[PDB]
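First to last, the protein sequences are chains A and B.
Mapping the first sequence onto the deposited numbering, position 403 (from 1) lands on 402, and the numbers just tick up by one.
Mapping the second sequence onto the deposited numbering, position 354 (from 1) lands on 352, and the numbers just tick up by one.
In this text, a Cβ means the ideal position worked out from N, Cα and C, and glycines have one as well.
The structure appears right after this line, and notes come after that.
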Amino acid sequence: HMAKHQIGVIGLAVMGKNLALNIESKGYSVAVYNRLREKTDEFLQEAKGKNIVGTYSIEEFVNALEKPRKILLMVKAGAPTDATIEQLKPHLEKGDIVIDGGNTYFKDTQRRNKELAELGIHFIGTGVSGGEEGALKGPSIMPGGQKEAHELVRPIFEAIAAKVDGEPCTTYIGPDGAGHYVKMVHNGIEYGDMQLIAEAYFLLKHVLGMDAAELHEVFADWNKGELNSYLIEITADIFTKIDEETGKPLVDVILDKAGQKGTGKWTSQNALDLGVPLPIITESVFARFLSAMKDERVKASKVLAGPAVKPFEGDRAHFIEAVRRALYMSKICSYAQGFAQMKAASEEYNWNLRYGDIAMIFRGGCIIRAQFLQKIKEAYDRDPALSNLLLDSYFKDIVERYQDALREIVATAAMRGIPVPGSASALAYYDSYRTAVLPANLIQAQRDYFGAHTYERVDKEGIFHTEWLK
Amino acid sequence: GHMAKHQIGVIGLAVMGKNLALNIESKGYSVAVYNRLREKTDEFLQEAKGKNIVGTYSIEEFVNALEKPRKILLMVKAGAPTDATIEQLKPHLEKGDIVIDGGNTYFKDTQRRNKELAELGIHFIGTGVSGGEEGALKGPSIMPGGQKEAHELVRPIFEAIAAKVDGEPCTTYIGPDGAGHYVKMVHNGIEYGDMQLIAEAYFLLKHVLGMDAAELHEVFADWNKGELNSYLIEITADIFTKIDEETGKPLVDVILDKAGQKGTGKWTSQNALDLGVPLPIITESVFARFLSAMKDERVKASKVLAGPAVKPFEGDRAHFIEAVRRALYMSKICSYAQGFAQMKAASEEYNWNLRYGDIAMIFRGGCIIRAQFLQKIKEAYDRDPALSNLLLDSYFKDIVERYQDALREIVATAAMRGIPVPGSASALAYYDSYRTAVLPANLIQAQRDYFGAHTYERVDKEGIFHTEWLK
Ligand SMILES: O=C(O)[C@H](O)[C@@H](O)[C@H](O)[C@H](O)COP(=O)(O)O
């Protein structure tokens, strides 16, 4: 009559190891399983001293958990997650809860949820953010699925999640795939933030001639202000590190080929699906692809001419402040877009997303965490129906004040040949969004000209077609 | 006796399939038509009086009416209706028969159907058709992919009905499986970019120089006589001559700035994300349509968000006009470079051996992006077939070196005046990123290793490294 463990974890790459370890440290007993035995062996070596046990079949695994079973899945997304669910189905019992903590496409979560639902099994797709250090110490947990199912797993999520000022970085997101959706958008925003930081860095490096020491001082100083954040903090730290053999800074030793997981494009791809403008995050993804084409770039550099550029001799302090402001405004524009995407998705899929609550859980644990997120919550506190963050009085006052600096950074980059794709797309967004009559009147005329696609009029209701060819 | 075996059949009698039908018949081919909804066949037959077109009224009758090997053109609604139709054909077809899908189809569905049908010994050609309704009647661009042996059988028909430029039909065998529908998609993507770029030129002239309909028209007419010569510039010049009868305003000034798009518009951008290719200009153009569709939000925001408080323009007018023109051309170059590098990436991924010069060649006529521009692309690949990027070609390299200063001036002026130029701005950014040997992705890679141990490579050593950033 075996003695029953509180939670099961299948999948033992580092993310699942570190989360099982987190869970145990909060006083829960854990059983674990891995298709490959050697990973379970290695985890049990590392895990000695902890209330964690190993199992070597799915029969054993399911049979070692107390009912209603709580199974956390942390296997590779796609077929391997699906193959593990198929393995589980014969042995699960009505009422058991499978939690997919993988980086899963939300529409897979939608399907699994329905498929398991008809069998009487609850499915929670949850995003987990923070990297390895987060998983171990305090991730952001972004769960969606059946509300009643969530309530059973909520105390564990709240136990292991990061806390900001006494408040858990987790909340019920919405039904079916809403959690994995928010996790996707979080990963989009992250790509965005890193690109805009890179631009700020590249500008300082090439306009001001800044070396690693001075760059660190600028970013360290920025992190004590409104830009206070994990990414800017780690950025300022990265510029202090010295490679161990050349004597140069390590960051200058690193090859400028930005990797990215295959999940990095999803936010942009779903934005296209929904009809929401996501220029900054999308440019950031394309910026990574362009950087990956290193060989093409080094070859290109030798034949394609840039502009003639006498050395910069504006005010050094003013320019640093212009970059800082450009970055904050551009970041605001990016989140304004990202939060608009989540709204659109909530409408499409009937999720009733609570945007202040979402901003609240991005506040700690996750990679994009930043003080800034407090003002986003404040925004949705004031108007839960807010259609765009730029309209909230705090962000509106910031963009009207910092727009001159973004304008200057974009104009200056253009003339000096510094690529600032995200900053420039942020400025084009701001000017498009605030403009009541854009040049799409021409585009529509064209489309009716060659395609008979019909148009609408400013002065009367109706659908109109012109015989353009005289 | 004997139902008079026809050379080709067409299923689907919307204006496109009807016009393709009539095009084919006018070239001396006999055509059998069918349509699930009966009244469309009836109507078409009274439209086609005296022409060698016969109606048939069941898939069975339709199939029995055709010469072997059978050649069947599908012009029906994308998705389920197309698969429904193929599924009804299957029992009646034979080893060697040829089903051609001519819709604006997603290339992966073609790939699936191609192999599904190859299993039964039936060939499948997924082919793009561009030019609109008038173009399908008079001479479209045709972009077939599928089995070569099957393409050789229908090639003569495609070549007869296609547009010709300088004696060359705007049609070629693009490659295997979904190759043809892929190229059509990229055609579509490129179109979106071009329209956005010309919209931006218009807005710049409109707002910076306060130009009205009439002078915009003179400027776009002047531009059509030079290197920008193209169907889209041409129709743009004509559009600005139109007057609304009721209001007496330029028609264009009375049209709601809310750009529609087919669900197909986004595909090129989504695919670029799949392949890992930078496609910023066309993607910004799709997002610009989405933005324009949010008209109500925009007018709301316009009452609330302030732009810069900038003085009216006092620079040289002729200079600014030529700067816009040049920025527009260089931007266009950058979009095409991006779109052609996508096709190259695709060709490599799906093993298609695409001929980029032949593709530019079939975009010279029939299609919407048709311009003398396309000749210079053709020439670049005829020079270097494995050219990795069109920017590296002698002709295009000379333009961008001479025009980049217009683009920069335009981007800098747009920024300072608060006039949005998403396409042209991203063109510049791409150009400046492409030609730059060391990008700030070294920081990005440091960041990723710092928080998720994703590892990095280095400039000096030839290995794979991970630092413990907390020591
Ligand atoms: O913590 C999270 O939210 C993710 O699980 C984590 O993995 C990271 O955010 C990116 O997904 C890394 O992806 P790249 O290495 O491709 O940047």
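In chain B, which residues lie less than 7 Å from residue i when you measure between Cβ atoms?
i, result
"A:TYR448", "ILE233 and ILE237"
"A:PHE285", "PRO276, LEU277 and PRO278"
"A:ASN21", "Chain B residues near A:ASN21: none, gap ~16 Å exceeds 7 Å."
"A:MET414", "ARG406 and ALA410"
"A:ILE366", "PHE449"
"A:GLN268", "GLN268 and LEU271"
"A:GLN340", "Ordered by position in chain B, no residue passes the 7 Å Cβ test against A:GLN340, which lies about 11 Å from the chain."
"A:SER290", "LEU437 and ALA439"
"A:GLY461", "Near A:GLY461 there are no residues of chain B at all, since even the closest Cβ is about 10 Å away, more than 7 Å."
Quick check on DSSP: helix, strand or coil for residue i?
i, result
"A:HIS179", "helix"
"B:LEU271", "helix"
"A:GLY15", "helix"
"A:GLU147", "helix"
"A:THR245", "coil"
"B:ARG381", "helix"
"A:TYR454", "strand"
"A:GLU117", "coil"
"B:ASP99", "strand"
"A:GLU59", "helix"
"B:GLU166", "strand"
Between the options, which has its C-alpha nearest residue i's C-alpha?
i, options, result
"A:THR108", "A:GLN373, A:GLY124, A:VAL97 and A:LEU115", "A:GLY124"
"B:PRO278", "B:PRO420, B:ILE6, B:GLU213 and B:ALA116", "B:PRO420"
"A:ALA439", "B:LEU254, B:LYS49 and B:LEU326", "B:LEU254"
"A:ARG353", "A:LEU214, A:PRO174 and A:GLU466", "A:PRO174"
"A:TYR393", "A:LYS75, A:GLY305, A:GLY364 and A:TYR379", "A:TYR379"
Check whether the Cβ of residue i lies closer than 8 Å to any heavy atom of ligand 1, and answer yes or no.
i, result
"B:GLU455", "no"
"B:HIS452", "yes"
"A:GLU232", "no"
"B:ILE375", "no"
"A:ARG362", "no"
"B:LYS342", "no"
"A:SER290", "no"
"A:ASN50", "no"
"residue 518 of chain B", "The structure shown does not extend to residue 518 of chain B, since chain B is modelled only from -1 to 469, so the question has no answer here."
"A:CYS168", "no"
"B:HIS185", "no"
"A:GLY129", "yes"
"A:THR262", "yes"
"A:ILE96", "no"
"A:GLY137", "no"
May I have the straight-line CA-CA distance separating residue i from residue j, to the nearest angstrom?
i, j, result
"B:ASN17", "B:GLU132", "8 Å"
"A:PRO138", "A:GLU166", "13 Å"
"A:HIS90", "A:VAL61", "7 Å"
"A:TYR348", "A:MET359", "22 Å"
"B:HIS317", "B:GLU244", "37 Å"
"B:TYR334", "B:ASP403", "20 Å"
"A:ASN186", "B:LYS66", "55 Å"
"A:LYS146", "A:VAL181", "17 Å"
"A:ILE233", "A:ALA299", "32 Å"
"residue 489 of chain A", "A:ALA369", "The requested residue 489 of chain A does not occur in the structure, where chain A is confined to residues 0 to 469."
"B:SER56", "B:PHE105", "28 Å"
Kindly list, in the order they appear in chain A, the residues whose Cβ is closer than 9 Å to that of residue i.
i, result
"B:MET193", "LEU441, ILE442, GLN445 and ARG446"
"B:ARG362", "Neighbours of B:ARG362 on chain A: none; closest Cβ ~17 Å, over 9 Å."
"B:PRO383", "Within chain A, no residue comes near B:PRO383; the closest Cβ sits about 17 Å away, beyond 9 Å."
At 8 Å on the CB atoms, spell out the chain A contacts of residue i, in chain order.
i, result
"B:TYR104", "The contacting residues do not exist; B:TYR104 stays about 13 Å from chain A at best."
"B:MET209", "Here the premise fails: no neighbours, minimum Cβ distance about 12 Å."
List, in chain order, every chain A residue whose beta-carbon is nearer than 7 Å to that of residue i.
i, result
"B:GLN5", "What B:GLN5 touches in chain A: nothing, since even the nearest Cβ is about 30 Å away."
"B:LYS38", "Result: empty, since nearest Cβ-Cβ is about 18 Å, beyond 7 Å."
"B:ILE253", "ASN440, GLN443, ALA444, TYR454 and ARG456"
Taking Cβ-Cβ distances shorter than 8 Å, what residues in chain B pair up with residue i?
i, result
"A:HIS452", "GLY258"
"A:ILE417", "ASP430"
"A:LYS395", "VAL302 and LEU303"
"A:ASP403", "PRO306"
Please confirm whether any heavy atom of ligand 2 lies closer than 8 Å to the CB of residue i.
i, result
"A:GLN259", "Although ligand 2 was asked about, the structure shown includes only ligand 1 as ligands."
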